[PDB]
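Input: a single structure, listed below in structure tokens.
Cβ coordinates were reconstructed from backbone atoms using ideal geometry, including for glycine residues, and neighbour counts include every protein chain displayed. Coordinate-derived values only; no laboratory data.
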Protein chains: 2
Amino acid sequence: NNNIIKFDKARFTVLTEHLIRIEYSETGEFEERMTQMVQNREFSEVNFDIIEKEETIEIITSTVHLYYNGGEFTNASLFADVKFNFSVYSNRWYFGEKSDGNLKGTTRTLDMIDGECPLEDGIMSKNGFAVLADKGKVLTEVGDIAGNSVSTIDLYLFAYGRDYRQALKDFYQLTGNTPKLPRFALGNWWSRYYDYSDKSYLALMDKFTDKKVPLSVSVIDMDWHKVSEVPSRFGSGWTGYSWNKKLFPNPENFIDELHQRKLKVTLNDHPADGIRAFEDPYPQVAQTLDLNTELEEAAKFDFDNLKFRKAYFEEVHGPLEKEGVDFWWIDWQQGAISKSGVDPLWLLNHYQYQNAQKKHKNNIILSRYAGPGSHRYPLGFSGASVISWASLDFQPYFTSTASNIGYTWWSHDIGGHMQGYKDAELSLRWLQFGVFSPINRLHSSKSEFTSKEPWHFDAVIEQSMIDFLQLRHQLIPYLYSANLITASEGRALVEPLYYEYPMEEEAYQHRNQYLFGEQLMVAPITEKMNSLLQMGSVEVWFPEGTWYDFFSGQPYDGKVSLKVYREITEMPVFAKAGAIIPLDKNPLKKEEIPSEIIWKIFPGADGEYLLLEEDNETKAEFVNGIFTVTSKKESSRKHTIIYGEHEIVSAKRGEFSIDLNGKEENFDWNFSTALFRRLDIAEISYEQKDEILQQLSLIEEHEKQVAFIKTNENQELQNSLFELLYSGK
Amino acid sequence: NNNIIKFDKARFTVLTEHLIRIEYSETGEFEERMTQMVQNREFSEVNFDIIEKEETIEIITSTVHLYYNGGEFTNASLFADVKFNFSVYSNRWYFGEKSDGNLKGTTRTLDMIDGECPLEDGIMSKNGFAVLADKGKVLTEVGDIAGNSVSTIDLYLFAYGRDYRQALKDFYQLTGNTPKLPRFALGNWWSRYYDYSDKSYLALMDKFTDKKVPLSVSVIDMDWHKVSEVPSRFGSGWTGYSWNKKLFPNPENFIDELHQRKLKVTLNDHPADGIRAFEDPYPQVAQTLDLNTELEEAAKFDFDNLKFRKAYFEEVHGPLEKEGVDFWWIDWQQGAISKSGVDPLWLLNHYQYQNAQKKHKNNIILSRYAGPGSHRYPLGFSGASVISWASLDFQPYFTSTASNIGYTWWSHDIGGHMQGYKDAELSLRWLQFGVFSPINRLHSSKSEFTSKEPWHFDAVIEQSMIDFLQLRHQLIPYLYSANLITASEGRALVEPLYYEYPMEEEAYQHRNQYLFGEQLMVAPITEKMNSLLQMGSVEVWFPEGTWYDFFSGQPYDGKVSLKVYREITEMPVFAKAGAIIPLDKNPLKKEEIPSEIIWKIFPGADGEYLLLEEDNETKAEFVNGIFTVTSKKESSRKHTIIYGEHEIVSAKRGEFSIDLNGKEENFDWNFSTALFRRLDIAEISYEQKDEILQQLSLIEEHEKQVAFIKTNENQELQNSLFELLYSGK
Ligand SMILES: *[C@]1(O[C@@H]2[C@@H](O)[C@@H](O)O[C@H](CO)[C@H]2O)O[C@H](CO)[C@@H](O)[C@H](O[C@H]2O[C@H](CO)[C@@H](O)[C@H](O)[C@H]2O)[C@H]1O
Ligand SMILES: *[C@]1(O[C@@H]2[C@@H](O)[C@@H](O)O[C@H](CO)[C@H]2O)O[C@H](CO)[C@@H](O)[C@H](O[C@H]2O[C@H](CO)[C@@H](O)[C@H](O)[C@H]2O)[C@H]1O
């Protein structure tokens, strides 16, 4: 109440020094209930100043002057000056107007998108302020829609400057934290829009095992249910709740077989045509909803309706869950229309996520983005992207930017969904990105030609895809720990560079570069390789410090912007001196938590990593060359230590300390080996290869080696050779 | 009343199983009067089902579920599911929203359009439903504007699936059938924006006769009236009702001369500046309308005003009609503004078409499209197209698509109106299309360089244009019979392929291909010829069956999509085995109905043709090789029979039967002659011509002749040779 100020028909709540709620009420009553967006307005007390006159009020915090001159809210009556100098004259908010600087957020879907699409604003701005309008309905205490707010205007002014992480934390305090994901969500998912039988689906799952590809999730797409068998008088077979008995004669037994293989099972649900008279559950639903069965009255989709929702969860989903379905893929594409004015997609995500908690702890959905606050209902499902280099090139930027509206669990169709064109290299680059994305779900539309099975491709592509898919399971400990940090501390797994480096202009100029947890920096390659080099490339910004390629140990002295080149089988991922990354030593081994962890240490600085698990916390410390591992609880877990290049300790039990000061710090990576490899794969003249190898071996002074490559007629070859020289300086 | 259901403030009329009127009234009174669009709501009783509850109503027909949940009509309150599966999730109509699938209709005009323009929706959809909003004013019983409907929302839900012909028939039952055209409308029209005198206009008409070009209509454009002679204080000379006496010293005598030549006469009327004080009829109009003549008060155009309309028809048009003007070219381009909110173009077409019936039976106008229902006022006048290949390439698609809103008598300026560029081949291809279009009106803007006279061009173009212009008059019996079928059965002369072949995807992929009556399929060439081939081309979809080129007898086995090549003098027109096409044997002969008919029979199947005339019906039957001609009434008419290639019977009177089983079925058309001609005109190397002729003569097996042409370095030459091989298979 000390942090609440009324003036004329407005109410101002100073939630933090940098977050002010702004309300208008014609009725003099202001809204206390939660909304679709807002779950909590309880914040600790803060200091601020007021200048209140007859006709005007000014609220003053450490970061903003908010002015209200009375009357209806207009661009003239309600406005704010930030106490920052990030811009020369973009430091003022005017009610109902847009200002420059917004770093954007996300959008509902990538359905039908070939490359870039427009995004909605987020809460982050380079100029230090953003306004988030609450246009949603009020909730009841139990979380049903209650109707219109009595605050007919309800806004949140964010004035955090470039303290982006704190803005996001306080956003999560206002809108509710992201829930914890279950560990199974972080493994590889198999999905394909393909009319598998029980037999061919299990045969494929057993082929994954034979091929050494680990999976956590078995998606079954819409051909699980009747499609062509639906009489046309009912409409299409898009919506379905009845097994196709030719393909799945015993569904519970088939799901039992996936459960024996330690897979979680989800089915595609297209809800929009509801429960029509041909469906297996229709007799029960018709009885519950008092439908006219002799006129074959449909139970039309109506998620505003309590009785419909109950029948949907209990009598439609319920029997399928009893057969063993673990969680729901809500695949909604039929618009934003409802009686209530609430988006049916929001109603589905809110009510289905809540219903999923009844049968499994920390359960998920898979569904499209439903607006600010819908991060409460993971996972995000971006949908039917066009298969193209342009779509891949948009996706890292899309994924990191989404953290700016707190939606940090986007699952993209890895390799793209539909249409587009075949290029095995595009498929491989997309999988590299997916492995370093929130969720790694392989999926494809209905084409005989778009399977994401590694063995679809040639032996080189296949082996690389298998390697990356195994790496995803090696990363599950790191991902799961980051997941618990999202849930408990409001930190995104994927951060734009500018979260960590807000004052570095280069942190705003590398759209596809991101931080992946706290220990890794990713620069995916999203452009087709230069055939003369047989290598793809990306311009990488290296912050201040010593950086190592995560895979090769190639070093880079920051701060620098440097074009980096990789073969199609290799991905630019970097770790700082002192980085500690845990890996599952046994990624193929079915076990709910790893029996063995590899501690991968990057020499040259102190470091620390906290491994959060379901029932433990394990701290790895690297201080003055001493590596120490301690846990809250004891276990039989065996620890492996890799210090730079070399395995130091193999499968050691319990807590321990070891001195690595007397151990080889340097990786093997060396200029001459790397130079020989780049020249050898290049589709260039042998006389050019001979001369470059000879001259770069003979010329001793680094500045003269660089002068020699500066004369090369191949401009991209110059850049590739320059990367090696820079790493070898 | 059994087919009428009221619920809340709505009224639902089930007109057919597939056509439901949807009304809202705030006052509880619903509209029974006709509207600008709707002339008849009397339909035979149909069966349907209702589910009526406290708060909701569902109407169920064989093809649609219409739902209304009460309150104001919104996208949430009023919606419909079709009982079809043409799409996966585009089977629902939402009030006020657009869905995918609409096959489009037409637009007001092609004025100033170079190629394509956007079209309005029609009543046809690939997904099986369309909504046609009635936003017009109510009429009185006699057909004057009465003001606003009491049904403040008035919609027609069409749910015909892909039964397009039935949708159009029922549209014509709702909006009124197209009236019969007079036979004279179906012949060639001469028009040119050029300042002819009486003498030079008659000299040109006599030159047409000398050149063996038949004409039905003599258009006189705006230089008939005063133009430069109008004092500038009155504004421009665009509007005029006073003969230029230098050019037309005795108008009645000049119109008498056109009447002696068996021409119908129309004048251009630009109505928008009304009757100003310099006009010949102004003294009479001023007296009737009580104008201030000493202040030279204009009788401004006001078609909302009963007295203005009367003075316009009786005192302005009346004297010109007494001089012999047969019908009015209404040339309105001055906007959609009126006191009433009724488009002045609609007021002109409605009232002028009605007034034209006073002096001639089945009279016409010539005017732009005035919205749904304005098919009641033929003919359509598309206006000032840009002269270009792009404009020609749009026009067949434009013409057939218009049938989807029932506007089936579009008259285009043949050869294009204005601007654009000279290409004698474009002029010739445009005339080919015009001859197989609803109306063949040659017209051109004010340029010394754009006359459509055949003898404007070189001897090759001239002779081809004369041949096509004579063909149009040969087709008048077929056109006039189709005209009576439009008027009596609601079948368009020009149909998109998908009317006949709604389930064939290829019927939606050949935009410029159409059915022309029931016996002919047209694929106009609308792209400049390939100079290497000296031939133009179009990809033709041949439906199942045996097809013949109408002109050459070249055969084609359906179903196939095949690129076809024609010299600039030849047009792709096709007839099925069993086709019977009547032709006027004496197209140059002035006679109100043909004294001789050629029955052109395509061998290989049974067929039938009904020739409807002013005062007769003649049935031609081809059954098990027996051709029979019978008529309702006897006449002196002499019948000629052409069976494939050969004239069997010459000028035989009365009813008769003849056996053609013992007569040569095969056309002369042959691979070797056609191959020699294509190679001979081609601007390619003689060594290539020599080798193709030699190899295609020597190689006996059809598959190896195709393999030989597959090696040709000229890709289009491959396609041309492949067409011949396919026809010769
Ligand atoms: C894609 O699906 C279409 C189907 O609609 C149908 O036409 O069959 C086609 C194959 O011949 C198939 O390509 O396109 C639609 C329209 O854009 C999408 O809605 C589909 O994506 C969604 O549904 C899929 C099936 O459940 C699912 O795998 C996707 O993840 C969904 O986004 C798309 O596959
Ligand atoms: C064309 O007419 C213009 C005239 O407006 C005037 O400027 O003289 C020009 C020649 O030097 C002439 O080209 O352009 C206008 C504006 O777009 C159209 O309205 C004219 O078309 C209509 O009027 C014509 C004359 O009656 C008629 O032949 C057309 O059929 C009408 O559409 C167009 O000719």
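Simple spin-label estimate for A:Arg233 and A:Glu294 gives 1.5 nm between the two label positions (7 Å along the Cα-to-Cβ direction from each Cα). Taking square-rooted eigenvalues a ≥ b ≥ c of the alpha carbon gyration tensor, is chain B rounded, prolate or oblate, where a/c under 1.5 means rounded and, failing that, a/b exceeding b/c means prolate? Judged from the Cα gyration tensor, chain B comes out oblate (a/c at least 1.5, b/c at or above a/b). A Förster radius of 35 Å combined with the Cβ-Cβ distance from A:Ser650 to A:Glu504 puts the calculated FRET efficiency at roughly 0.30. Chain B residue nearest the rotation axis toward A, with distance: B:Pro118, 14 (Cβ to axis, whole Å).
Counting Cβ atoms of other protein chains within 10 Å of each residue's Cβ and taking the mean over peptide A:289-297 gives 2. Considering only beta bridges that DSSP places wholly inside the range A:530-643, some 85 percent are antiparallel. Working from Cα pairs under 8 Å separated by at least six residues, relative contact order for chain B is 9 percent. Helical runs (DSSP H, four residues minimum) scored at -39500 (n - 2.57) apiece and divided by the length of chain A put the mean residue ellipticity at 222 nm at -7000 deg cm²/dmol. For the range B:222-341, the relative contact order is 27 percent, taking Cα pairs closer than 8 Å that sit 6 or more residues apart in sequence and dividing their mean separation by the residue count.
Straight-distance candidates among the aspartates and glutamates for linking to B:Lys652, with alpha-carbon spacing under 17 Å and chain neighbours fewer than 8 residues away dropped: B:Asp584, B:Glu596, B:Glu621, B:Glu634. Sorted from nearest, the other copies put their B:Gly71 label points 3.3 nm away, the label point being 7 Å from Cα in the direction of Cβ. Each other copy holds its own label point for A:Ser636; taking that point as 7 Å from Cα along Cα to Cβ, the gaps run 11.7 nm, nearest first. Of the trypsin sites (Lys or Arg not before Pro) found in the range B:604-662, those that fall in a DSSP loop while having at most 16 other beta-carbon atoms within 10 Å are B:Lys632, B:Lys633. Classification of the range A:242-376 by its C-alpha gyration tensor yields an oblate form. The axis ratio a/c (a ≥ b ≥ c) is 1.5 or more, and b/c is at least a/b.
Among the GluC sites (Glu not before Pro) found in the range A:592-646, those both in a DSSP coil and sparsely packed, with 11 or fewer other Cβ atoms within 10 Å of their Cβ, are A:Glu592, A:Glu634. If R0 is taken as 35 Å, the Cβ-Cβ distance between B:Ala459 and B:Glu716 corresponds to a FRET efficiency of 0.80. Short to long, the 10 Å bins of the Cα pair-distance histogram for the range A:599-729 hold 10, 31, 17, 17, 17, 7, 0 percent of all pairs. Structural descriptor for the range B:573-678: relative contact order 22 percent, calculated from alpha carbon pairs under 8 angstrom and at least 6 residues apart. Sorted shortest first, the distances from the B:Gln260 label point to those of the same residue in the other copies are 10.5 nm; each point sits 7 Å from Cα along Cα-to-Cβ. Between A:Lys212 and B:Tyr686, the FRET efficiency estimated from the beta carbon spacing at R0 = 56 angstrom works out to 0.30. A DSSP coil position with no more than 12 other Cβ atoms inside 10 Å describes the following chymotrypsin sites (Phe, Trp or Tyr not before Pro) in the range A:443-480: A:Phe449.
Between rounded, prolate and oblate, where does the protein assembly as shown land on the alpha carbon gyration tensor, with a ≥ b ≥ c its root eigenvalues, rounded for a/c under 1.5, else prolate if a/b exceeds b/c? Prolate shape, in that a/c is at least 1.5 and a/b is the bigger ratio. Listed by chain and number, the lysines whose C-alpha is less than 17 Å from the C-alpha of A:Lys359, apart from same-chain residues fewer than 8 away, are A:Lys180, A:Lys264, A:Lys310, A:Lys322.
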